[PDB]
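Participant: query.cif (mmCIF, N, CA and C atoms) pasted underneath:
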```cif
data_entry
loop_
_atom_site.label_atom_id
_atom_site.label_comp_id
_atom_site.auth_asym_id
_atom_site.auth_seq_id
_atom_site.Cartn_x
_atom_site.Cartn_y
_atom_site.Cartn_z
N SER C 1 213.62 214.00 78.11
CA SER C 1 212.69 213.50 79.16
C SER C 1 212.39 214.60 80.16
N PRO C 2 211.23 214.52 80.82
CA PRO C 2 210.81 215.51 81.82
C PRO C 2 211.50 215.31 83.16
N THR C 3 212.79 215.62 83.20
CA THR C 3 213.58 215.48 84.43
C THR C 3 213.81 216.86 85.05
N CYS C 4 214.88 216.99 85.83
CA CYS C 4 215.20 218.25 86.47
C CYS C 4 215.43 219.33 85.42
N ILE C 5 215.24 220.58 85.81
CA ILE C 5 215.42 221.71 84.90
C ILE C 5 216.90 222.03 84.75
N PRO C 6 217.41 222.02 83.52
CA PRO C 6 218.82 222.30 83.25
C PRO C 6 219.14 223.79 83.32
N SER C 7 220.41 224.09 83.56
CA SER C 7 220.88 225.47 83.65
C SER C 7 220.43 226.28 82.44
N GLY C 8 219.99 227.51 82.69
CA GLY C 8 219.54 228.40 81.63
C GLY C 8 218.03 228.30 81.44
N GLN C 9 217.44 227.22 81.94
CA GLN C 9 216.00 227.01 81.83
C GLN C 9 215.28 227.58 83.05
N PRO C 10 213.99 227.89 82.91
CA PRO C 10 213.18 228.46 84.00
C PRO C 10 212.80 227.41 85.05
N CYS C 11 213.07 227.73 86.31
CA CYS C 11 212.76 226.83 87.42
C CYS C 11 211.78 227.49 88.38
N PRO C 12 210.81 226.72 88.90
CA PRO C 12 209.81 227.24 89.85
C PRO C 12 210.39 227.39 91.25
N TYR C 13 211.17 226.40 91.67
CA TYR C 13 211.79 226.41 92.99
C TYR C 13 213.19 225.83 92.91
N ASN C 14 213.99 226.07 93.95
CA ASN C 14 215.35 225.56 94.00
C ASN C 14 215.34 224.05 94.16
N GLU C 15 214.15 223.49 94.43
CA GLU C 15 214.00 222.05 94.61
C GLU C 15 213.64 221.38 93.29
N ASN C 16 213.72 222.13 92.20
CA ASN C 16 213.40 221.59 90.88
C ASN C 16 214.54 221.86 89.90
N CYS C 17 215.67 222.34 90.41
CA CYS C 17 216.82 222.64 89.57
C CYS C 17 217.73 221.42 89.47
N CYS C 18 218.35 221.25 88.31
CA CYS C 18 219.27 220.14 88.09
C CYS C 18 220.47 220.30 89.01
N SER C 19 220.87 221.55 89.20
CA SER C 19 221.99 221.89 90.06
C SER C 19 221.50 222.17 91.48
N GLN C 20 220.18 222.17 91.66
CA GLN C 20 219.57 222.43 92.96
C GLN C 20 219.75 223.90 93.34
N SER C 21 220.21 224.71 92.39
CA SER C 21 220.43 226.13 92.64
C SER C 21 219.58 226.99 91.71
N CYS C 22 218.50 227.55 92.25
CA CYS C 22 217.61 228.41 91.47
C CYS C 22 217.93 229.87 91.74
N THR C 23 217.76 230.72 90.72
CA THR C 23 218.04 232.14 90.85
C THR C 23 216.92 232.96 90.22
N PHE C 24 217.03 234.29 90.31
CA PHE C 24 216.02 235.18 89.74
C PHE C 24 216.67 236.13 88.74
N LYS C 25 216.25 236.03 87.48
CA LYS C 25 216.79 236.88 86.42
C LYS C 25 215.68 237.73 85.81
N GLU C 26 216.05 238.88 85.26
CA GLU C 26 215.08 239.78 84.65
C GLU C 26 214.90 239.46 83.18
N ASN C 27 213.66 239.56 82.71
CA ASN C 27 213.33 239.29 81.32
C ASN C 27 213.27 240.59 80.53
N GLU C 28 212.77 240.51 79.30
CA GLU C 28 212.66 241.67 78.44
C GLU C 28 211.31 242.35 78.66
N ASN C 29 210.36 241.59 79.19
CA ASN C 29 209.02 242.10 79.45
C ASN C 29 209.07 243.13 80.57
N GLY C 30 210.19 243.18 81.28
CA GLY C 30 210.37 244.11 82.38
C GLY C 30 210.02 243.46 83.71
N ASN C 31 209.90 242.14 83.70
CA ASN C 31 209.57 241.39 84.91
C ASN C 31 210.78 240.60 85.39
N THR C 32 210.58 239.76 86.39
CA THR C 32 211.66 238.95 86.93
C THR C 32 211.16 237.55 87.26
N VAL C 33 211.78 236.54 86.66
CA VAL C 33 211.40 235.16 86.89
C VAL C 33 212.57 234.40 87.50
N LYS C 34 212.40 233.10 87.69
CA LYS C 34 213.46 232.28 88.27
C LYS C 34 213.97 231.27 87.24
N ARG C 35 215.29 231.12 87.17
CA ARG C 35 215.91 230.19 86.24
C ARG C 35 216.80 229.21 87.01
N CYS C 36 217.57 228.42 86.28
CA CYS C 36 218.46 227.45 86.89
C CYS C 36 219.91 227.88 86.72
N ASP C 37 220.73 227.58 87.73
CA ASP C 37 222.14 227.94 87.70
C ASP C 37 222.91 227.00 86.78
#
```
Could you write out this file's structure as structure tokens?

Facilitator:
Amino acid sequence: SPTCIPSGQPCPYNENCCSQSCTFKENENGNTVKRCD
């Protein structure tokens, strides 16, 4: 179901994380996005 974003998944804001804790990790493209704790 389309609920909160689970850990390891990409999150837009810390207000959309299942754990309520969003972070910023680097990808392989050489960029940096936000995921869930």

Participant: Which neighbours of residue 18 of chain C fall inside 12 Å, counting only C-alpha atoms, when residues of the same chain fewer than 4 positions from it are skipped, and could you give them as a PyMOL selection string?

Facilitator: chain C and resi 2-14+22+35-37

Participant: Rounded to one decimal in Å, what is the spacing between atom C of residue 16 of chain C and atom N of residue 1 of chain C?

Facilitator: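 If I compute the distance from atom C of residue 16 of chain C to atom N of residue 1 of chain C, I get 14.2 Å.
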
Participant: What does the structure give for the distance between atom N of residue 34 of chain C and atom C of residue 19 of chain C, in Å to one decimal?

Facilitator: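 Value for the atom N of residue 34 of chain C-atom C of residue 19 of chain C distance: 14.7 Å.
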
Participant: Could you please give me, as a list in words, the residues of protein, DNA or RNA lying at most 6 Å from (216.8, 235.6, 88.8) in the coordinate frame of the file, considering only N, CA and C atoms?

Facilitator: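 I get residues 23, 24, 25, 26, 33, 34 and 35 of chain C for the residues within 6 Å of that point.
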
Participant: Using DSSP on the backbone coordinates, identify the residues of chain C assigned to strand (DSSP E or B); present them as number ranges by chain.

Facilitator: C: 5, 10, 17, 22-26, 32-36

Participant: Please indicate the distance in Å from atom C of residue 32 of chain C to atom CA of residue 15 of chain C, rounded to one decimal place.

Facilitator: 17.4 Å

Participant: To box segment 17-31 of chain C, take all atoms listed in the file, fit an axis-aligned box, add 4 Å on each side, and give centre and edge lengths in Å to one decimal, as lines of an AutoDock Vina configuration file.

Facilitator:
```
center_x = 215.5
center_y = 232.1
center_z = 85.9
size_x = 21.0
size_y = 32.0
size_z = 22.9
```
